[PDB]
Structure formats: structure tokens, C-alpha cells
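Remarks on the structure that follows.
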Amino acid sequence: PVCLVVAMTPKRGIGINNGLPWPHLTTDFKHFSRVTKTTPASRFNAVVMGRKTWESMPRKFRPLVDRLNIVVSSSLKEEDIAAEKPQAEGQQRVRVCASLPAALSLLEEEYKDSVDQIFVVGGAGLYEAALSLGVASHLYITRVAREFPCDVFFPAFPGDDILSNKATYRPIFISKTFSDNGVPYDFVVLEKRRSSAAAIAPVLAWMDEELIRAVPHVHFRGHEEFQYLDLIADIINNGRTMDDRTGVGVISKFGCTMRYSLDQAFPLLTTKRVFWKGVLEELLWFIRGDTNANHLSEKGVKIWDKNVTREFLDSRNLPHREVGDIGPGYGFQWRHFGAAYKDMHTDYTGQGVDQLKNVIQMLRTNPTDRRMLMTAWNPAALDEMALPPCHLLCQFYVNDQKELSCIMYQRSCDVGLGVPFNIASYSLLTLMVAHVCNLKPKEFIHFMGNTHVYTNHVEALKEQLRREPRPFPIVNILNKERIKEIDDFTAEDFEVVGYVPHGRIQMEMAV
Amino acid sequence: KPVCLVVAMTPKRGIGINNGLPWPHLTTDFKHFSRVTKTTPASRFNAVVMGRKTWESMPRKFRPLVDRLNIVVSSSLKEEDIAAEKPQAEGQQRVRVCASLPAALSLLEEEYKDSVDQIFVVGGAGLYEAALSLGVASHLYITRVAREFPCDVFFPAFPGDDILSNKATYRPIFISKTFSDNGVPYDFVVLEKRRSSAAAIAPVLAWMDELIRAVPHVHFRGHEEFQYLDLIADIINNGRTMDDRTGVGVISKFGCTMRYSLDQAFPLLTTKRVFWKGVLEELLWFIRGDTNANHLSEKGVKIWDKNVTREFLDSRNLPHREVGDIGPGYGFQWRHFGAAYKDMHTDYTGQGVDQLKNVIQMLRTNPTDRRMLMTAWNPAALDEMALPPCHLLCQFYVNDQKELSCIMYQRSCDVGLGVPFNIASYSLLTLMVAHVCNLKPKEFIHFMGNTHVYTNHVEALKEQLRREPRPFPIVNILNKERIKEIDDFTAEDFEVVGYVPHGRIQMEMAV
Ligand SMILES: NC(=O)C1=CN([C@@H]2O[C@H](COP(=O)(O)OP(=O)(O)OC[C@H]3O[C@@H](n4cnc5c(N)ncnc54)[C@H](OP(=O)(O)O)[C@@H]3O)[C@@H](O)[C@H]2O)C=CC1
Ligand SMILES: NC(=O)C1=CN([C@@H]2O[C@H](COP(=O)(O)OP(=O)(O)OC[C@H]3O[C@@H](n4cnc5c(N)ncnc54)[C@H](OP(=O)(O)O)[C@@H]3O)[C@@H](O)[C@H]2O)C=CC1
Ligand SMILES: C#CCN(Cc1ccc2[nH]c(N)nc(=O)c2c1)c1ccc(C(=O)N[C@@H](CCC(=O)O)C(=O)O)cc1
Ligand SMILES: C#CCN(Cc1ccc2[nH]c(N)nc(=O)c2c1)c1ccc(C(=O)N[C@@H](CCC(=O)O)C(=O)O)cc1
Ligand SMILES: COc1ncc(-c2cccc(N3CCN(c4cnc(N)nc4N)CC3)c2)cn1
Ligand SMILES: COc1ncc(-c2cccc(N3CCN(c4cnc(N)nc4N)CC3)c2)cn1
Ligand SMILES: O=c1ccn([C@H]2C[C@H](O)[C@@H](COP(=O)(O)O)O2)c(=O)[nH]1
Ligand SMILES: O=c1ccn([C@H]2C[C@H](O)[C@@H](COP(=O)(O)O)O2)c(=O)[nH]1
């Protein structure tokens, strides 16, 4: 019973010019070091590698300490490796075998009592040979989210859908997303599947007296998206069937919380492609305090059209609104809170309270202040809006390390559709704000009120929950030097790096 | 050889009156009792042991207790006094009569080994006194009845009776949430005498894996107050030390949640006494839309005075504010959002948005509406306020079964002093609104922004955490018929039933 341990691009690339295709991945190496060494007393592990893999290592690190180094090679001799560097005392001498079947036979003969776990470390020669013989019980895969130029590739295998879109291998473990040198990645493991408390118990047994899960197989679920998935599953399992303003039935839960890290990667959800062009163009729209939805619509972003139609504005009891007008909406309250609205064309400069500018000036001069809030809810002008704000409130926070976090409260949540859009939108705002203030982005926290999935979306969401997440992408702000204030961002100032989602899921917007 | 004791108990240790139970029928208790005495892991059954009067107090259809070996301790009653009392059913075990508890335990070993699984002393005072003296009691199953009743028979005093009320040891290993039957709150505690299948997943868990705990013995944590206790513990252990607008050192955290049930009992926290006279007077102050802190100050609630002083009013740059005037405070926006403020004496009826009216109306008519929100935060009006509202927003949610839930978001949370007050203050509003809208109260959800403990409380809080919580009380609304609007309520229309909190800890208010 052997295990494979690899780092791998989406297109299964592993090496180039007999070296790693990426810049050094410190957290990947630490993870490698730990897996290959650790043991529950008397036994050391074994690291089986090829010649090209052995050679590609730095001289400093070979032989890999505390582990039986076995090199599969015909051309290299057992003494050339011995003459390469003097051996340090306390380690088994590096062993050379003809092929991989012969390599494991060596452990059967001479090391039957000493070795605990067996690890094949590279490369494509030994990996291919390992999967051929099928003696691999487990695969420890580091999924590099970014694509890199490669000439050596890891062989494709049943259930390699965990890398990109297309005896079996099922994921049992998915870690949260890590990053090094602007390279996002995460760790997965895959399985070859094909009376101190006796007194308490009966009190618990009677105490209960009273269906769907996200990716059942995956038992350790480090990935942060699991929040959102388990949140879908929960409302499908434990929510309440409700009616609606829209006329479409709803399953709703009240009081819901999600939080996502910003320090390593960006929570652009992977289980379905997120319309990022939308979250970007809409956020810049908000920041401008723009209330004209045509400016969005023309850019290819049609998210607001149905709620600013001639038909909808009349039902929303505003016959004197122009098509495209969202009223004094999200962005208007941010940049001009309380100001007298006229139309989308009127210039509202200097009028009202610019919450966004004050939130920054507070962050930049006095970050411990507890009044760093931006609201979109104005009970005075709710009726003048074409549709009341969902994401209505957000608070900011700085710690010791000059790291920035952001809470956002949402009154009403279309989990299937709006939520992943909302996560990504505000997390982006945190990145923007953090940069302008000279702070590290840390964490984004999502507070939810009415949290609901629409009944017509339910079939599509079970489809989404069969999908195990991919590593998060990195969002980079570009022209970091050129942008100094929050209004200096443009659409081209951003870069989504290594975003490899699952295929598009179609979901109708509830009018 | 070891025995378990199973009792229900008044805070004053009372167990009986007039050879019967002191309280009305508690179904959930009798359920607990039935299951705990009966449930057994094959060829095996449980023994129940009682006094003569316990046997007599018990209704005829229930004695002897089915599926359990009954033993009555008596010297007047004989074994044939009981056999003639009711024909024995086929299969059941005969009731045995011993003259003392040592004889009872002796009989159990002498004749009933290999026969009886577990031994339960069931009552009354005499046998509970006897069992505690012998030191044979391994576990105490206490049903803490929170309400004080007329009692002539009492459970004996024991080391560890600090779980009942204020003052070889008996410490809690289990505390459940508060239940209620017939206007009576209660909860269940258990006390203890002290004086590569999945292992291939575990190596990656090694490196990823890594001080103050409250009531650490309590292995089961049903009691919803544990949420708050652990929230204090987390802030201290895992928080970051910030400086403060007041100057006093702060340990703080961002984005933490709590939720409390309102269908069984009231989350008026028990681990320290909460100033309920304040929570009631402050809320009815808000409801009236009052901005005059002297109306609270004259009534014995001085919670706002340190913030309406001439010094603080001038430090907030408001020279013309009279002493007492909070400016457009929380009460003000609730009923007059956007109204132009003058002083506390000016009459504002009709001006601004009456959010509270709109909330109740939307509730009583269109409960599936998601715009059912109230907000104290008014960016344009913040400057004129003596203090920017801490609790700034609440949302209401109505269920399938006409069940009301409420979320409240609080930007800044004094976890030592303000948080339990706020839990109490909105749970009360939720009760009030529910009655006024003809709805069953279900849940209060607390969303928290800057969640912090002051450093001149750290010592005073570590002490509090040593205290395990008592059952929650019931808050009843008196004069239900007379009250039909939210303004109809007065301080007298309420009654806190079964409140048994721990001693007061002195915590100064930060100005
Ligand atoms: N991403 C990752 O996790 C890792 C990537 N790498 C990368 O992989 C590349 C090196 O791997 P690769 O190019 O595939 O070369 P290999 O590491 O597979 O080694 C090739 C040589 O080893 C011998 N060999 C290998 N497999 C067998 C076998 N089954 N039977 C007999 N002999 C065998 C052969 O010798 P002969 O010709 O004499 O038969 C062959 O020439 C480098 O670019 C390196 O950076 C390396 C380690 C980890
Ligand atoms: N809430 C609860 O958990 C429970 C409450 N109760 C309440 O308690 C009351 C009955 O209990 P209580 O009044 O204490 O009476 P008991 O049930 O303790 O029975 C009293 C009789 O039992 C015998 N006896 C008990 N202990 C001893 C001893 N150590 N040595 C010798 N004889 C003993 C004596 O019988 P004799 O005189 O024949 O020798 C005595 O007269 C009822 O009102 C009942 O409702 C009862 C059980 C549980
Ligand atoms: C949230 C928000 C902003 N908005 C505004 C907006 C307004 C009313 C709404 N009403 C309802 N019922 N659900 C919504 O998601 C919604 C969203 C959006 C509107 C539509 C889409 C939409 O049709 N979905 C995108 C997919 C984007 C994604 O991956 O999330 C699409 O493919 O068209 C997204 C966002
Ligand atoms: C929250 C809030 C509203 N308020 C108003 C108010 C105003 C300024 C504040 N400032 C600070 N820093 N913390 C607060 O909790 C606080 C509270 C209160 C203020 C004080 C007390 C107080 O002194 N404690 C109570 C004891 C209550 C308990 O034990 O929990 C007392 O006995 O007076 C209570 C409520
Ligand atoms: C950029 O500098 C650099 N870059 C690389 C090295 C290095 C030094 C020793 C050895 C190696 N490898 C050994 C094996 N590997 C591996 C990494 N992660 C996983 N999950 N599986 C692997 N099988 C990477 C290749 C790499 C030194 N220096
Ligand atoms: C008024 O109706 C009513 N009222 C009372 C009864 C009743 C029926 C069986 C038995 C009894 N006991 C009195 C209460 N006991 C008890 C209850 N909880 C705990 N935790 N420990 C106990 N020792 C034991 C025995 C009471 C029936 N009917
Ligand atoms: O950012 C958004 C915008 C809209 N919605 C969804 C949720 C609601 O179902 C609907 C708005 O309608 P009301 O909540 O106003 O009824 O749009 C979101 O989830 N997020
Ligand atoms: O109802 C209240 C009133 C006050 N505070 C506390 C929290 C903060 O510690 C302090 C307000 O300080 P600023 O957030 O305004 O700085 O008062 C509450 O938690 N709840």
C-alpha cells in the first residue's frame, strides 16, 4: 500500500526543464515535509523518487533527512550518489532500484519491520508506473490554481474532475486556499474507492425525540466554500416553505453567518462560475454613487434591467421614473446620504453625507474608532427606490497588525444567485479600501437576515452540491502606485489569478 | 455498588408539599424521569428505590413503576401491603420492602446481582439524606425547577448546591437549556462526585492543528448562556489589544454571533444579576421615542446620566444641549427617522419615519415581507447625537407557524456590561411585538460588530466564568387584553418569574 504526493497545475503540469514550473511554494514544501516524515514510534518513512527527480533537488536537501531515500534508476550507481557528498551519521544510505515493481520488493525484503508509510515523490515515470500497478491507496495532491508552462505531466486518472472541467479516485479531504508568490493552491487527499459519560447519555437520548448534504464523501472540509454549500444544504434540510412578493415559493432560514479569509486568496466561489465582471462593474458603479442602471446595462452587465423596466417602475408605484433609474439606491446613500434625489442625471456633488469618504478618513487617522460604518438603508427614501437594499450595512475594523476586516449585513438573501455575487462584491471592496488606507486585507464576515433558496432553483442547487470546490483565486490590484484614493480604481485595475471554477449553472432572476 | 439520585428541585431545595409535588404538571420532567430510570444497554433492568411517602404520593396507575424493580423503604409497610394494593402484571418485577437503605443495597447485591443494571434513589428527603451520608451516590440527576413554590419537604444540603441558588464534592458535568411547562421554567443538570482508513487523513491534520475556559468541567453545554460565557473566554484568549476612544485598554474581536430561544424561557442571563428594572425602563423610553435621560434618571436608572453630563455634552461639541438630552437618540429615530431635532422637550409626533409603526403593520398584514427592519443609525444626524447608537438595527421575521424571530446588529459590544443587557433588551421587544401582532415568540439572534471586553474587567470576568449558569426565567406579559398596541405597555405589565442569578460583580461604566 503506497501513497502519491504531488503538486499539480490545473492541466496536470508538474515540471519543466527538470525544475518546478512555479516560484517556490513554502507552504507546499512544509506540507510535503510533514506528510513524508510524521508517524504515530519505532518506524521511519520511505521516499521513492526517479533519477531526474533526485537530480533536480538541491545538493543541500538530498538525501531527504529522516526518510529512506530510494531512487529508481538504471544509469546511476549506488556509489556515485555516495561520492556526491559524505553521509551524515544516523540515516539509511540512498538506495537504487531497476524499476518501481522492483523498488517496493526491496522494502518487502530488507525493510519489512522499519518502514511505516511509503511515498512516491516523482516524477511522471514513477507516477505513471504507480497508477498502472494500482498499488496507490491514496493521493496527496497540491492543486496549484495557476497554470504554468510544463513539459512533464502527471497522468490523467478517473475522477480528475477535481483539477479542471472535462477503479476511481474520490476526494476525502479539501483544505482551505493558501498562497505564495502570487500563486494560489490548496491540498487535497484522494482515496482509491471503486462511566463518566455513560451517565450523561440517556438524558441526551430522550432529549431529541424528533436529508441532503454537501459532498458527502469529503470528511475533512477545510475549504471555506463549504460554508456556502452547507448553508444551501441546511436551508434545503431545515428551512421553511414560504410565499413571496415575487409570487415564486421560497424556503427560508433566519439568521445566517459566513466568514472568509482575505490574506491568502479571494473568495470567488468555485462550485459555479461567478459573474466577476458583474461584481466589479457594479461595485465601481456603487462607489461612483451612480443610480443609472443603463451605465451597467451597456457594459454587458444586465443584472439590474428587470428591476428598472417601464413595467416594474409603474408597479413599484413610480410612473415618473426613467427606465434605468434605481432611485436613491445603494451607491447614492453611500456617497450622498440624505440628499434630495431628482433623477439619475442630476449632479449630487457635495450634498448629503459621504459615508465612504468618512469611513476611510477614520480608518486612516483613527482606526480604533467603533463608528466606521456605511449604511444604504434610508427609511426616509425607501419608497423612492425601485427596490430596497439587500446588503444594507457594513462595518470596518482594524487590529494590531494593521489588518482590515469587514462585516456586511444583508436583510434578504437569494442563496443560489445573489449570495456568491455578494460575497465576492464586498470582499473586493475590502481589498480596495485596504489598499487606499495602507492596510492588509484580513477577513470578510457575512451577516444574513432572511436567507432563502427559491423553489425553482432547488433542482439546480442539488447539482451544485455534488461539486467539490476548487482552490480560490487571487485577486490582484494592479497599478498599486497610481491608485491613492477610493475613486481612483477603474475596471482594468484588477486581475483575477488562477480562477478554475466548475461549469456555468443557469438560474433565473426572480423579477 | 454505586447509586444515582434523580430529583426535581425548587431553588430553596424544596421537593414536596402535602405528600405531593409542589408545582403544576411538568410533562418534560416526567418524560426525562421515565427515560432515565428505564433505558438499559440485553438480559438486564434498572432498580428504583423510594420511601414510603413517595410511594403514597404517586398516582395508582403509575405504581409500581413499569419495567423497573421498585423498592420501598418502610417499617410500617410490609411486602404484602403492596401486593394486595394492585394485582401484579405478568412479566414485571415484584416490589420489595426494606427497613433501611443499607438493607436495600444489601438486598440488591444478595439477590439481584446479574439482574439489575442501575440503581436509582427516587425519593424522598429521608432516602436522599441517607444516600448522601453513605457516600454511595455517584451521580445526581437534578431537575432544577427555577420557580419558588410552597414546600414542606426538602432535598438535603450538599457540597455543590451552589448550582441551585446563592451561598467529597458534587460538580456539574451536564447543564441543559431551559424548558418550561405551565408557566414554570426548569432545566436538567447531572452532577458528579469528585472530591489508514481514516488515519491516512490525519497526517495533514497534524501541522494544521494547534487557555481560559469557563466551567470547563461541564462537558455538555446545552444552556444557551454558555454562548455568552464562551464568547467572553474567546475574546480574552484570542482577541487583539486595542487602545480606545476613552483611553482604557481593550481586548476585542470582530463578527461574533449568539442566538437565544424565546419559546420556552427568557434569556435574562443568570451568571451575574442583570438590572432588569433598567432594561424595561430603557426600552419603554425608546418606544415613547424619548430623548430625555432625566426621565430614566428620576426612575432609578442612571445608565445614561454619565453620557448626558455637561462635561460629556461639551466634549461631544454640543454646548446648547440641556442636561439629559441624548440628542436624536435611538428612541428618536425608531419613531421619527429623519425628523429635524430641536430639544428633548419639543413634540415630534408625526414628523419623520415611524419605523416601529411600519414594522408592526407589515407584521400584522404581510408577514412574508423582507423589508421588516428598524434602524437607529442616521449618518446625517450622528453629529447631533450625544452618542452614536451601539444597537443600530433590528430585523423581524415571521415563520410558517406565526413564529416571530428577531435579529439585532450591534456595532460595538461591551461584553462585560452591555451585552447581557442588550440580549435582554431586544428579547423583551420581541416578546412585546409578538403579543401586539398576535404571534408566538421563537428566537432572538444577536449579531455583533466590535465585540470587546475592557481590561479593567478582565479579573472581574475570569471570576464570572467560574460560575455555571442557572435556568433562565420566564417573563410574562401581564394584562394581555388591555395591551393591543406597542405604546399600550407600561412598566407594570411585566413579571419576571423564577429568576435566580449569581452575585453582583462591580463593573464601572466607561464614559
Ligand atoms: N510537482 C511535483 O510534485 C514534482 C515535480 N517534479 C518535477 O518532475 C520532473 C522530473 O520528473 P520526470 O521528468 O518525470 O523524471 P522522473 O523523476 O520520472 O525520472 C526519470 C528517470 O528515472 C528512471 N525511472 C523513472 N521511473 C521509472 C520506472 N517506472 N522504471 C524504471 N525506471 C524509471 C528512468 O531512468 P532510465 O532512463 O535509466 O530508465 C528515467 O530516466 C522535474 O521537472 C521536477 O521538477 C519532481 C518532484 C515533485
Ligand atoms: N420532586 C421530587 O423529586 C420528589 C418529591 N417527592 C416528594 O416528597 C414527599 C415524600 O417524601 P418524604 O416526605 O421525604 O417521605 P419519604 O418518601 O422519604 O418516605 C418517608 C418514609 O420512608 C421511610 N424511610 C425513609 N428514609 C428512611 C431512613 N433513612 N431510615 C428509615 N426509614 C426511612 C420511613 O418509613 P416508615 O415510617 O414506614 O419506617 C418514612 O416514614 C412527597 O410530598 C413527594 O411529592 C418524592 C420523590 C421525588
Ligand atoms: C446579488 C446581486 C446583484 N444583483 C441585483 C439583483 C436584484 C434583484 C434580485 N432578485 C433576486 N430574487 N435574486 C437576485 O439575485 C437579485 C439580484 C443581481 C441580479 C441578477 C443576477 C443574476 O442573474 N445572476 C448572474 C450570476 C452571478 C453570480 O454568479 O452570482 C447571472 O448569471 O446573470 C446576479 C446579481
Ligand atoms: C447596554 C446598555 C444600556 N446602558 C447604557 C450604556 C451607556 C454607555 C455605556 N458605555 C459602556 N462603555 N458600556 C456600557 O455598557 C454602556 C451602557 C447601560 C449602561 C450601564 C449599565 C450598568 O451600569 N450595568 C447595570 C448592570 C446590568 C448587568 O449586570 O448586566 C447596572 O447595574 O447599572 C447598564 C446598561
Ligand atoms: C525555487 O527553489 C526551489 N524549488 C524547489 C526545491 C526543491 C528541493 C527539494 C525537493 C523538491 N521537490 C521534491 C518534491 N516536490 C513536491 C512538492 N510538493 C508536493 N506536494 N509534492 C512533491 N513531490 C517538489 C520538488 C524541490 C528547492 N528550491
Ligand atoms: C398532578 O399530576 C401528577 N403529579 C405527579 C405525578 C407523579 C407520577 C409518578 C411519579 C411522581 N413522582 C414525584 C416526582 N418524581 C420525580 C420527578 N422528577 C425528578 N427529576 N425526580 C423525581 N424523583 C418521582 C416520583 C409523580 C403524576 N401525576
Ligand atoms: O444583492 C442582492 C440583491 C438582491 N438579492 C435578492 C434577495 C431578494 O430575494 C431579492 C430582493 O427582494 P426583496 O428582498 O426586496 O423582497 O433579491 C440578493 O440576494 N442580493
Ligand atoms: O446599548 C449599549 C450601549 C453601550 N454599549 C457599550 C459598547 C461600547 O463599549 C460603548 C460605546 O462606545 P463607542 O463604541 O461609542 O466608542 O458602550 C453597549 O454595548 N450597548
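Take B:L140 and decide whether it is away from every other protein chain (no Cβ under 14 Å) and surrounded by 15 or more Cβ atoms within 10 Å (Cβ to Cβ). So B:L140 fails the test.
Within segment B:432-441, the presence of a residue that is more than 27 Å from B:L164 (Cα to Cα), at the interface with chain A (Cβ under 10 Å from one of its Cβ atoms), more than 16 Å from ligand 4 (Cβ to nearest atom) and not aliphatic (A, V, I, L, M) is excluded.
Just for segment A:143-163: of the residues that are away from chain B (no Cβ under 14 Å) and part of a strand (DSSP E or B), which one is nearest to ligand 7 (Cβ to nearest atom)? Write out each step before concluding.
We begin by selecting, within segment A:143-163, every residue away from chain B (no Cβ under 14 Å); these are A:144-163.
This time we only want the ones that are part of a strand (DSSP E or B), so: A:144, A:152-153.
Numbers: A:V144: 32, A:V152: 45, A:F153: 42 Å.
Only one residue tops the list, namely A:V144.
For segment A:298-325, the set of residues classified as among the aliphatic types (A, V, I, L, M) and within 13 Å of A:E281 (Cβ to Cβ) consists of A:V301, A:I303, listed by residue number.
Do the conditions hold for B:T451, that is, is it surrounded by fewer than 20 Cβ atoms within 10 Å (Cβ to Cβ), among the polar types (S, T, N, Q) and more than 23 Å from A:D244 (Cβ to Cβ)? Full working, then the answer.
Values: surrounded by fewer than 20 Cβ atoms within 10 Å (Cβ to Cβ): no; among the polar types (S, T, N, Q): yes; more than 23 Å from A:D244 (Cβ to Cβ): yes.
No.
If the condition is being out of contact with any strand residue (DSSP E or B) (no Cβ under 9 Å at 6 or more places or on another chain) and surrounded by fewer than 16 Cβ atoms within 10 Å (Cβ to Cβ), then segment B:163-185 contributes B:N166, B:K167, B:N182. Scoring B:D487 on the criteria (1) surrounded by 21 or more Cβ atoms within 10 Å (Cβ to Cβ); (2) farther than 26 Å from B:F254 by Cα leaves a single failure, condition (1). Of the strands (runs of 3 or more DSSP E) lying entirely inside segment A:315-422, the ones with 3 or more residues being within 13 Å of chain B (Cβ to nearest Cβ) and buried (at least 23 other Cβ atoms within 10 Å of the Cβ) are found at A:391-398, A:403-414. The lone criterion from (1) surrounded by 18 or more Cβ atoms within 10 Å (Cβ to Cβ); (2) touching a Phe, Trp or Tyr at 6+ places or on another chain (Cβ under 9 Å) left unmet by A:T38 is number (1).
Taken as a whole, the structure leaves A:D80 outside the set of residues that are closer than 27 Å to B:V204 by Cβ and either among the charged types (D, E, K, R) or outside the structural domain of A:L126 (by CATH) (or both). Strands (runs of 3 or more DSSP E) fully within segment B:1-115 that include at least 3 residues being away from every other protein chain (no Cβ under 14 Å): B:14-16, B:45-51, B:68-73, B:96-98.
Looking at segment A:123-130, is at least one residue away from chain B (no Cβ under 11 Å) and outside any helix (DSSP H, G or I)?
Narrowing segment A:123-130 to residues away from chain B (no Cβ under 11 Å): A:123-130.
Subset that is outside any helix (DSSP H, G or I): A:123.
The answer is yes; a qualifying residue exists.
Yes or no: segment A:412-432 includes at least one residue that is within 16 Å of ligand 8 (Cβ to nearest atom), touching a helix residue (DSSP H, G or I) at 6+ places or on another chain (Cβ under 8 Å) and of a type in the set (V, I, T). No; the residues of segment A:412-432 include none that is within 16 Å of ligand 8 (Cβ to nearest atom), touching a helix residue (DSSP H, G or I) at 6+ places or on another chain (Cβ under 8 Å) and of a type in the set (V, I, T).
Filter segment A:172-190 down to residues that are under 10 Å from A:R143 (Cβ atoms) and of a type outside the set (G, A, S) and give me whichever is nearest to the chain's Cα centre (by Cα).
First, pick out the residues of segment A:172-190 that are under 10 Å from A:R143 (Cβ atoms): A:174-175, A:177, A:184-188.
Still in the running and of a type outside the set (G, A, S): A:174, A:177, A:184-188.
Numbers: A:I174: 11, A:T177: 6, A:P184: 9, A:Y185: 9, A:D186: 9, A:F187: 12, A:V188: 14 Å.
Of everything passing the filter in segment A:172-190, A:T177 is nearest to the chain's Cα centre (by Cα).
The residues of segment B:190-244 that are among the charged types (D, E, K, R), within 12 Å of another protein chain (Cβ to nearest Cβ) and within 19 Å of B:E468 (Cα to Cα), listed by number, are B:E192, B:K193, B:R194, B:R221. Checked against the criterion of being more than 16 Å from ligand 3 (Cβ to nearest atom), farther than 21 Å from B:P469 by Cβ and assigned by CATH to the domain that holds B:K272, the candidates B:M448, B:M432 yield just one match: B:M432. Among the residues in segment A:249-258, are any over 20 Å from the mean Cα position of the chain (by Cα), surrounded by fewer than 18 Cβ atoms within 10 Å (Cβ to Cβ) and in the same structural domain as A:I326 (by CATH)? Looking for residues that are over 20 Å from the mean Cα position of the chain (by Cα), surrounded by fewer than 18 Cβ atoms within 10 Å (Cβ to Cβ) and in the same structural domain as A:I326 (by CATH), one finds at least one in segment A:249-258, hence yes.
Basis: the model, the stated rules and, where named, an outside source; none is laboratory data. Virtual Cβ from ideal backbone geometry, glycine too; neighbours counted across all protein chains shown.
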